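run_8.pdb, holding PDB, C-alpha atoms and all ligand atoms:
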ATOM      1  CA  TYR A 168     -90.024  63.989 -23.621
ATOM      2  CA  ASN A 169     -92.360  63.654 -26.582
ATOM      3  CA  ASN A 170     -95.479  65.775 -26.826
ATOM      4  CA  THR A 171     -98.090  63.088 -27.314
ATOM      5  CA  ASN A 172    -100.703  65.743 -26.315
ATOM      6  CA  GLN A 173    -102.801  67.805 -28.763
ATOM      7  CA  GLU A 174    -101.803  71.289 -27.608
ATOM      8  CA  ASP A 175     -98.614  73.391 -27.488
ATOM      9  CA  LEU A 176     -96.532  72.791 -24.330
ATOM     10  CA  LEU A 177     -94.568  75.379 -22.349
ATOM     11  CA  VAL A 178     -91.410  73.693 -21.148
ATOM     12  CA  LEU A 179     -89.117  75.363 -18.599
ATOM     13  CA  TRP A 180     -85.613  74.336 -17.437
ATOM     14  CA  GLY A 181     -82.447  75.973 -16.015
ATOM     15  CA  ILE A 182     -78.678  76.075 -15.458
ATOM     16  CA  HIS A 183     -76.668  76.587 -12.251
ATOM     17  CA  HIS A 184     -73.861  79.133 -12.362
ATOM     18  CA  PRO A 185     -71.698  78.471  -9.245
ATOM     19  CA  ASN A 186     -69.346  80.710  -7.227
ATOM     20  CA  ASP A 187     -66.165  78.767  -7.887
ATOM     21  CA  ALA A 188     -64.538  75.526  -9.096
ATOM     22  CA  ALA A 189     -64.731  74.172  -5.532
ATOM     23  CA  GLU A 190     -68.526  74.346  -5.433
ATOM     24  CA  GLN A 191     -68.750  73.076  -9.007
ATOM     25  CA  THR A 192     -66.957  69.849  -8.125
ATOM     26  CA  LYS A 193     -68.518  69.623  -4.657
ATOM     27  CA  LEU A 194     -71.992  69.452  -6.227
ATOM     28  CA  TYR A 195     -71.406  67.785  -9.595
ATOM     29  CA  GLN A 196     -67.846  66.345  -9.508
ATOM     30  CA  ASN A 197     -67.396  66.958 -13.240
ATOM     31  CA  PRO A 198     -65.362  70.186 -13.633
ATOM     32  CA  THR A 199     -66.294  71.102 -17.236
ATOM     33  CA  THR A 200     -70.053  70.827 -17.905
ATOM     34  CA  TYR A 201     -72.863  71.780 -20.315
ATOM     35  CA  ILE A 202     -76.615  71.256 -20.914
ATOM     36  CA  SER A 203     -77.679  70.668 -24.486
ATOM     37  CA  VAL A 204     -81.379  70.877 -25.452
ATOM     38  CA  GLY A 205     -82.897  70.127 -28.842
ATOM     39  CA  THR A 206     -86.214  70.183 -30.689
ATOM     40  CA  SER A 207     -87.277  70.410 -34.328
ATOM     41  CA  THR A 208     -86.330  74.088 -33.904
ATOM     42  CA  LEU A 209     -84.150  74.432 -30.787
ATOM     43  CA  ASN A 210     -80.353  73.873 -30.895
ATOM     44  CA  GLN A 211     -79.073  74.966 -27.465
ATOM     45  CA  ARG A 212     -75.775  74.107 -25.699
ATOM     46  CA  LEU A 213     -75.638  75.915 -22.323
ATOM     47  CA  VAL A 214     -72.404  76.170 -20.350
ATOM     48  CA  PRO A 215     -72.158  77.143 -16.697
ATOM     49  CA  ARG A 216     -70.385  80.394 -16.121
ATOM     50  CA  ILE A 217     -68.220  81.066 -13.078
ATOM     51  CA  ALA A 218     -67.811  84.575 -11.656
ATOM     52  CA  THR A 219     -67.540  86.124  -8.210
ATOM     53  CA  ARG A 220     -70.795  87.858  -7.313
ATOM     54  CA  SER A 221     -72.471  89.766  -4.478
ATOM     55  CA  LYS A 222     -74.766  87.711  -2.287
ATOM     56  CA  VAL A 223     -78.447  88.090  -3.128
TER      57      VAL A 223
ATOM     58  CA  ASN B 113     -76.239 116.164 -16.660
ATOM     59  CA  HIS B 114     -72.982 115.606 -14.702
ATOM     60  CA  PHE B 115     -70.363 112.921 -14.117
ATOM     61  CA  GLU B 116     -67.635 113.182 -11.492
ATOM     62  CA  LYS B 117     -64.681 111.035 -12.555
ATOM     63  CA  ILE B 118     -63.044 109.022  -9.741
ATOM     64  CA  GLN B 119     -60.125 106.595  -9.608
ATOM     65  CA  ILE B 120     -61.328 103.206  -8.454
ATOM     66  CA  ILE B 121     -58.376 100.899  -9.260
ATOM     67  CA  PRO B 122     -55.126 102.807  -9.191
ATOM     68  CA  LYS B 123     -52.671 102.109 -12.036
ATOM     69  CA  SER B 124     -49.770 102.015  -9.595
ATOM     70  CA  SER B 125     -51.394  99.151  -7.669
ATOM     71  CA  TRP B 126     -50.645  96.432 -10.278
ATOM     72  CA  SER B 127     -47.601  94.775  -8.692
ATOM     73  CA  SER B 128     -47.402  91.397 -10.513
ATOM     74  CA  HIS B 129     -48.423  92.746 -13.960
ATOM     75  CA  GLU B 130     -46.839  95.360 -16.193
ATOM     76  CA  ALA B 131     -49.181  98.344 -16.330
ATOM     77  CA  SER B 132     -47.141 100.928 -18.303
ATOM     78  CA  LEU B 133     -46.444  98.841 -21.434
ATOM     79  CA  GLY B 134     -50.038  98.751 -22.713
ATOM     80  CA  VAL B 135     -49.649 101.209 -25.506
ATOM     81  CA  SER B 136     -50.070 101.460 -29.282
ATOM     82  CA  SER B 137     -49.142 103.377 -32.409
ATOM     83  CA  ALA B 138     -52.885 103.355 -33.205
ATOM     84  CA  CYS B 139     -53.359 105.797 -30.284
ATOM     85  CA  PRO B 140     -50.717 108.566 -30.648
ATOM     86  CA  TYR B 141     -50.725 111.384 -28.108
ATOM     87  CA  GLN B 142     -47.758 113.382 -29.364
ATOM     88  CA  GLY B 143     -45.163 111.122 -30.969
ATOM     89  CA  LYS B 144     -44.887 108.763 -28.009
ATOM     90  CA  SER B 145     -47.616 106.284 -28.925
ATOM     91  CA  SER B 146     -50.262 105.961 -26.139
ATOM     92  CA  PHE B 147     -53.672 104.517 -25.110
ATOM     93  CA  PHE B 148     -57.191 105.127 -23.768
ATOM     94  CA  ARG B 149     -56.536 107.071 -20.579
ATOM     95  CA  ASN B 150     -59.350 105.696 -18.427
ATOM     96  CA  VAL B 151     -58.476 102.025 -18.713
ATOM     97  CA  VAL B 152     -55.156 100.141 -18.478
ATOM     98  CA  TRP B 153     -53.896  97.630 -21.039
ATOM     99  CA  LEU B 154     -52.300  95.131 -18.597
ATOM    100  CA  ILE B 155     -49.497  92.841 -19.805
ATOM    101  CA  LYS B 156     -47.220  89.990 -18.657
ATOM    102  CA  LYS B 157     -44.522  90.710 -16.025
ATOM    103  CA  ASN B 158     -41.259  88.794 -15.933
ATOM    104  CA  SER B 159     -42.393  85.982 -18.269
ATOM    105  CA  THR B 160     -45.828  85.490 -16.644
ATOM    106  CA  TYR B 161     -49.428  86.654 -15.950
ATOM    107  CA  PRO B 162     -50.800  85.537 -12.557
ATOM    108  CA  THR B 163     -54.559  85.224 -12.215
ATOM    109  CA  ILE B 164     -55.936  88.667 -11.275
ATOM    110  CA  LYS B 165     -58.726  88.717  -8.643
ATOM    111  CA  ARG B 166     -59.654  92.373  -7.982
ATOM    112  CA  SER B 167     -62.813  94.081  -6.783
ATOM    113  CA  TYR B 168     -64.257  97.542  -6.151
ATOM    114  CA  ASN B 169     -67.091  98.348  -3.774
ATOM    115  CA  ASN B 170     -69.286 101.372  -4.345
ATOM    116  CA  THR B 171     -68.966 103.085  -0.993
ATOM    117  CA  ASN B 172     -70.313 106.258  -2.725
ATOM    118  CA  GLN B 173     -73.952 107.439  -2.645
ATOM    119  CA  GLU B 174     -74.613 107.573  -6.388
ATOM    120  CA  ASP B 175     -74.754 105.096  -9.295
ATOM    121  CA  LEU B 176     -71.333 104.454 -10.893
ATOM    122  CA  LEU B 177     -70.587 103.926 -14.587
ATOM    123  CA  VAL B 178     -67.850 101.334 -14.806
ATOM    124  CA  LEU B 179     -66.070 100.605 -18.099
ATOM    125  CA  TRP B 180     -63.619  97.790 -18.969
ATOM    126  CA  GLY B 181     -62.479  95.804 -22.048
ATOM    127  CA  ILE B 182     -61.041  92.677 -23.685
ATOM    128  CA  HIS B 183     -58.195  92.294 -26.203
ATOM    129  CA  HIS B 184     -58.863  90.132 -29.246
ATOM    130  CA  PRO B 185     -55.420  89.391 -30.803
ATOM    131  CA  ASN B 186     -54.350  88.476 -34.358
ATOM    132  CA  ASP B 187     -52.955  85.048 -33.563
ATOM    133  CA  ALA B 188     -51.738  82.580 -30.911
ATOM    134  CA  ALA B 189     -48.222  84.025 -31.268
ATOM    135  CA  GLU B 190     -49.291  87.492 -30.137
ATOM    136  CA  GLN B 191     -51.528  86.004 -27.450
ATOM    137  CA  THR B 192     -48.602  84.260 -25.776
ATOM    138  CA  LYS B 193     -46.147  87.067 -26.553
ATOM    139  CA  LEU B 194     -48.275  89.497 -24.521
ATOM    140  CA  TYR B 195     -49.910  87.308 -21.875
ATOM    141  CA  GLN B 196     -48.082  83.931 -21.955
ATOM    142  CA  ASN B 197     -51.264  82.069 -20.998
ATOM    143  CA  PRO B 198     -52.736  80.590 -24.216
ATOM    144  CA  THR B 199     -56.362  80.067 -23.087
ATOM    145  CA  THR B 200     -57.794  83.112 -21.261
ATOM    146  CA  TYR B 201     -61.009  84.773 -20.028
ATOM    147  CA  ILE B 202     -62.249  87.802 -18.027
ATOM    148  CA  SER B 203     -65.083  87.174 -15.616
ATOM    149  CA  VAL B 204     -66.994  90.117 -14.083
ATOM    150  CA  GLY B 205     -69.722  89.947 -11.459
ATOM    151  CA  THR B 206     -72.149  92.156  -9.550
ATOM    152  CA  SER B 207     -75.471  91.628  -7.786
ATOM    153  CA  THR B 208     -76.834  91.533 -11.355
ATOM    154  CA  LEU B 209     -73.923  90.934 -13.754
ATOM    155  CA  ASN B 210     -72.655  87.401 -14.563
ATOM    156  CA  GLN B 211     -70.144  87.854 -17.407
ATOM    157  CA  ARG B 212     -67.359  85.502 -18.608
ATOM    158  CA  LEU B 213     -65.591  87.070 -21.625
ATOM    159  CA  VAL B 214     -63.253  85.036 -23.819
ATOM    160  CA  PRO B 215     -60.788  86.490 -26.300
ATOM    161  CA  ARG B 216     -61.572  85.652 -29.868
ATOM    162  CA  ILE B 217     -58.899  85.086 -32.502
ATOM    163  CA  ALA B 218     -59.525  85.862 -36.178
ATOM    164  CA  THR B 219     -57.526  87.298 -39.057
ATOM    165  CA  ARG B 220     -58.640  90.858 -39.755
ATOM    166  CA  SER B 221     -57.861  93.839 -41.990
ATOM    167  CA  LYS B 222     -55.653  96.485 -40.438
ATOM    168  CA  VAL B 223     -57.549  99.490 -39.107
ATOM    169  CA  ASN B 224     -55.447 102.415 -37.912
ATOM    170  CA  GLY B 225     -52.645  99.927 -38.632
ATOM    171  CA  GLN B 226     -53.921  97.266 -36.206
ATOM    172  CA  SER B 227     -55.447  93.848 -37.002
ATOM    173  CA  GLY B 228     -56.167  93.171 -33.338
ATOM    174  CA  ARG B 229     -59.399  94.378 -31.747
ATOM    175  CA  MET B 230     -60.490  95.845 -28.458
ATOM    176  CA  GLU B 231     -64.090  95.283 -27.214
ATOM    177  CA  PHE B 232     -65.380  97.418 -24.418
ATOM    178  CA  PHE B 233     -68.060  96.659 -21.873
ATOM    179  CA  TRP B 234     -69.873  98.541 -19.103
ATOM    180  CA  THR B 235     -72.256  98.461 -16.217
ATOM    181  CA  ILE B 236     -74.012 100.721 -13.728
ATOM    182  CA  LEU B 237     -72.837  99.643 -10.282
ATOM    183  CA  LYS B 238     -75.447 100.548  -7.688
ATOM    184  CA  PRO B 239     -74.471 102.201  -4.442
ATOM    185  CA  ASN B 240     -73.285  99.634  -1.856
ATOM    186  CA  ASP B 241     -72.607  96.967  -4.497
ATOM    187  CA  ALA B 242     -69.257  95.699  -5.791
ATOM    188  CA  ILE B 243     -67.861  94.582  -9.093
ATOM    189  CA  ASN B 244     -65.461  91.609  -8.983
ATOM    190  CA  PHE B 245     -63.075  90.964 -11.851
ATOM    191  CA  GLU B 246     -61.043  87.855 -12.435
ATOM    192  CA  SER B 247     -58.629  87.278 -15.302
ATOM    193  CA  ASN B 248     -55.893  85.317 -16.807
ATOM    194  CA  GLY B 249     -55.070  87.441 -19.901
ATOM    195  CA  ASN B 250     -56.429  90.036 -22.384
ATOM    196  CA  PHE B 251     -57.954  92.191 -19.629
ATOM    197  CA  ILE B 252     -58.205  95.940 -20.114
ATOM    198  CA  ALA B 253     -58.840  97.073 -16.551
ATOM    199  CA  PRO B 254     -60.657 100.136 -15.249
ATOM    200  CA  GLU B 255     -58.603 102.940 -13.729
ATOM    201  CA  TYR B 256     -61.183 105.729 -13.681
ATOM    202  CA  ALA B 257     -64.969 105.426 -13.479
ATOM    203  CA  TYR B 258     -67.826 107.945 -13.418
ATOM    204  CA  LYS B 259     -70.159 108.893 -10.583
ATOM    205  CA  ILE B 260     -73.556 109.983 -11.928
ATOM    206  CA  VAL B 261     -73.786 113.187  -9.928
ATOM    207  CA  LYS B 262     -76.915 114.622 -11.453
ATOM    208  CA  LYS B 263     -79.727 113.358 -13.641
ATOM    209  CA  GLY B 264     -82.123 115.505 -15.690
ATOM    210  CA  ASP B 265     -83.321 116.451 -19.165
ATOM    211  CA  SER B 266     -80.657 116.326 -21.830
ATOM    212  CA  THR B 267     -80.021 114.997 -25.305
ATOM    213  CA  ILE B 268     -77.248 114.131 -27.688
ATOM    214  CA  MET B 269     -77.629 116.588 -30.514
ATOM    215  CA  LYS B 270     -76.058 115.788 -33.811
ATOM    216  CA  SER B 271     -74.642 119.004 -35.240
ATOM    217  CA  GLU B 272     -71.477 120.013 -37.089
ATOM    218  CA  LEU B 273     -71.722 123.522 -35.581
ATOM    219  CA  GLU B 274     -69.643 125.010 -32.729
ATOM    220  CA  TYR B 275     -70.233 126.923 -29.488
ATOM    221  CA  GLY B 276     -71.823 130.324 -30.241
ATOM    222  CA  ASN B 277     -71.098 132.211 -26.975
ATOM    223  CA  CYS B 278     -74.780 132.926 -26.539
ATOM    224  CA  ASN B 279     -77.860 131.875 -24.591
TER     225      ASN B 279
HETATM  226  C1  LIG C 301     -69.592  97.063   0.228
HETATM  227  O1  LIG C 301     -69.100  97.585   1.451
HETATM  228  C2  LIG C 301     -69.991  97.737   2.550
HETATM  229  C3  LIG C 301     -69.179  97.966   3.825
HETATM  230  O2  LIG C 301     -68.405  99.120   3.652
HETATM  231  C4  LIG C 301     -70.886  96.526   2.792
HETATM  232  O3  LIG C 301     -71.899  96.970   3.694
HETATM  233  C5  LIG C 301     -72.468  95.863   4.418
HETATM  234  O4  LIG C 301     -73.334  95.170   3.535
HETATM  235  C6  LIG C 301     -74.315  94.366   4.143
HETATM  236  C7  LIG C 301     -74.947  93.485   3.061
HETATM  237  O5  LIG C 301     -75.177  94.248   1.893
HETATM  238  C8  LIG C 301     -75.291  95.343   4.807
HETATM  239  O6  LIG C 301     -76.470  94.671   5.241
HETATM  240  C9  LIG C 301     -74.589  96.106   5.953
HETATM  241  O7  LIG C 301     -75.226  97.344   6.210
HETATM  242  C10 LIG C 301     -73.093  96.388   5.726
HETATM  243  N1  LIG C 301     -72.329  95.842   6.844
HETATM  244  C11 LIG C 301     -71.485  96.571   7.587
HETATM  245  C12 LIG C 301     -70.762  95.839   8.692
HETATM  246  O8  LIG C 301     -71.291  97.780   7.397
HETATM  247  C13 LIG C 301     -71.408  95.906   1.490
HETATM  248  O9  LIG C 301     -71.919  94.616   1.707
HETATM  249  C14 LIG C 301     -70.304  95.737   0.468
HETATM  250  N2  LIG C 301     -70.937  95.248  -0.739
HETATM  251  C15 LIG C 301     -70.664  94.074  -1.301
HETATM  252  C16 LIG C 301     -71.421  93.719  -2.552
HETATM  253  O10 LIG C 301     -69.831  93.294  -0.864
HETATM  254  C1  LIG C 302     -38.493  86.212 -12.580
HETATM  255  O1  LIG C 302     -38.575  84.776 -12.706
HETATM  256  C2  LIG C 302     -37.758  83.883 -11.943
HETATM  257  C3  LIG C 302     -38.524  82.563 -11.846
HETATM  258  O2  LIG C 302     -38.364  81.794 -13.017
HETATM  259  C4  LIG C 302     -37.450  84.430 -10.536
HETATM  260  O3  LIG C 302     -36.586  83.593  -9.786
HETATM  261  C5  LIG C 302     -36.913  85.856 -10.682
HETATM  262  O4  LIG C 302     -36.369  86.384  -9.491
HETATM  263  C6  LIG C 302     -38.092  86.693 -11.176
HETATM  264  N1  LIG C 302     -37.707  88.100 -11.147
HETATM  265  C7  LIG C 302     -38.315  89.033 -10.396
HETATM  266  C8  LIG C 302     -37.742  90.425 -10.519
HETATM  267  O5  LIG C 302     -39.284  88.805  -9.652
END

Translate the structure of the given file into structure tokens.
Ligand SMILES: *[C@@H]1O[C@H](CO)[C@@H](O[C@@H]2O[C@H](CO)[C@@H](O)[C@H](O)[C@H]2NC(C)=O)[C@H](O)[C@H]1NC(C)=O
Ligand SMILES: *[C@@H]1O[C@H](CO)[C@@H](O)[C@H](O)[C@H]1NC(C)=O
Amino acid sequence: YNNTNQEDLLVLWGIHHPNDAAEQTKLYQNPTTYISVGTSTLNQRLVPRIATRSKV
Amino acid sequence: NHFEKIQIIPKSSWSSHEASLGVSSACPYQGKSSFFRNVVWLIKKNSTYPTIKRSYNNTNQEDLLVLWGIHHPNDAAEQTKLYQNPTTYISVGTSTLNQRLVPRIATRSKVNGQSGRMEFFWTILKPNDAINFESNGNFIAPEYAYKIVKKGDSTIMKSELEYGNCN
């Protein structure tokens, strides 16, 4: 997306950290994933993180 | 103002990993070279290191200070020598924690004769919550943890002086 507007823009996004490899492939097939995001200033490569956690 | 130390993962309970070989000349007790007493330096048994999947639940009434660590070795040789598995990680989870630690190799100056490094981590595990570890190598597991028995005013004074038997 390009900010063709005149004012600063607050952009939000996210990453899913699943319970286990089963759920990872169940929902996305690909077993080893990442989200990379870039701007004139941002240089992010996010990587989902698996861990066994209490239900919330 | 007061911890009560409890055992939460007994040392004797590690069947498919060597638990008594996690020791170092950098930590002498009295000749016999030793280690941090409250955590275990787990190591490969037979030639191998099965994936560990262990968890403690805080059935107590008070917040619990849990400590654990990761081993960062000198090189791939030592990594496989001690844990066989060449690509490892420790993942730790709570109702709030979502950690995946990865050992980091780098060539470092000896300190207390060791070029490897140990990196410790911690959390406060609320009553009725559990901490779930999973690992594949380089894990330094908890044995003892601390119940926070009482809270109150205190401070960490910095002084070279000693106890004065006074009030
Ligand atoms: C830790 O152990 C206790 C059981 O000893 C669990 O207590 C249950 O937890 C649920 C959900 O938190 C509560 O709503 C219930 O009161 C408890 N159920 C029963 C049958 O006692 C607790 O869930 C465990 N904690 C975790 C994170 O697994
Ligand atoms: C060690 O490894 C071999 C498998 O390669 C196995 O057959 C042997 O019995 C193991 N030893 C013990 C004491 O478990």

Given the file above and the PyMOL selection byres (((chain B and resi 237) around 10) and not hetatm), which residues are selected, and can you give them as a PyMOL selection string? chain B and resi 168-170+174-178+206-209+234-236+238-243+259

Enter the distance from CA of residue 202 (chain A) to CA of residue 185 (chain A), in Å, rounded to one decimal.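 It comes out at 14.6 Å.
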
Environment of ligand LIG 302 (chain C) within 10 Å, counting all atoms listed in the file, reported as a ChimeraX atom specification: /B:128,157-160

Just to confirm, what's the straight-line distance from CA of residue 229 (chain B) to CA of residue 184 (chain B) in Å (one decimal)?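 Interatomic distance here is 5.0 Å.
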
Near residue 255 (chain B), within 7 Å and counting all atoms listed in the file, which residues show up once chain neighbours fewer than 6 positions away are dropped, as a VMD selection string? chain B and resid 119 to 123 150 to 152

Residue nearest chain B - candidates A:174, A:200, A:189, A:184, atoms counted: all atoms listed in the file: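 Distance minimum relative to chain B lands on A:184.
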
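Once all atoms listed in the file are considered, the residues situated within 7 Å of the file point (-72.2, 82.6, -20.3) turn out to be residues 214, 215 and 216 of chain A; 211 and 212 of chain B.
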